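Student: turn this into a model:
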Amino acid sequence: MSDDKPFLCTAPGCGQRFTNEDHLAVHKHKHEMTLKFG
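Tutor: Numbers count the residues shown, from 1 in each chain. The structure is reproduced below:
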C-alpha cells in the first residue's frame, strides 16, 4: 500500500518486522511476558 507502515518490533537482538500490528502484538506479548508458560 501507500503507507505499508513497517512494524518494527522493539526487542533486544530480535527486533523482527511484520506487515501488520497483529503479528507484532503476539510477538511482543511473549517477549515482554517471558513469565508465560512458567
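
Student: is the residue nearest to the spatial centre of the chain in a helix, a strand, or coil?
Tutor: The centroid of the chain falls nearest to residue 24 when counting by Cα atoms, centre = their mean (2.8 Å). Using DSSP: H, G, I helix; E, B strand; the rest coil, the structure places residue 24 in helix.

Student: go ahead and confirm residue 11 touches residue 30.
Tutor: No: the pair residue 11 and residue 30 does not pass the contact test of Cβ atoms under 8 Å, sitting 9.8 Å apart. The way it works is simple: take the backbone N, C-alpha and C, and place the C-beta from them, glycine included.

Student: ok, these two, which is more surrounded?
Tutor: Counted by other Cβ atoms under 10 Å, residue 11 and residue 30 do not tie: residue 11 has more neighbours, with 14 against 11.

Student: how about the residue nearest to the more buried one when sequence neighbours are not counted, what does it touch?
Tutor: Excluding its sequence neighbours, the residue lying closest to residue 11 (Cβ to Cβ, 6 or more residues apart in numbering) is residue 31, at 4.9 Å. Going by Cβ atoms under 8 Å, 6 or more residues apart in numbering, residue 31 touches 9, 11, 14.

Student: how many residues are close by the first one?
Tutor: This points to residue 9. 15.

Student: which residue, other than its chain neighbours, is closest to residue 23?
Tutor: residue 7 (7.5 Å).

Student: distance of the one you found from residue 18?
Tutor: 5 Å (Cβ to Cβ, to the nearest Å).

Student: now the common contact residues for the two.
Tutor: Common neighbours of residue 7 and residue 18 (Cβ under 8 Å, 6+ apart) are residue 24.

Student: and residue 7, how many neighbours?
Tutor: 17.
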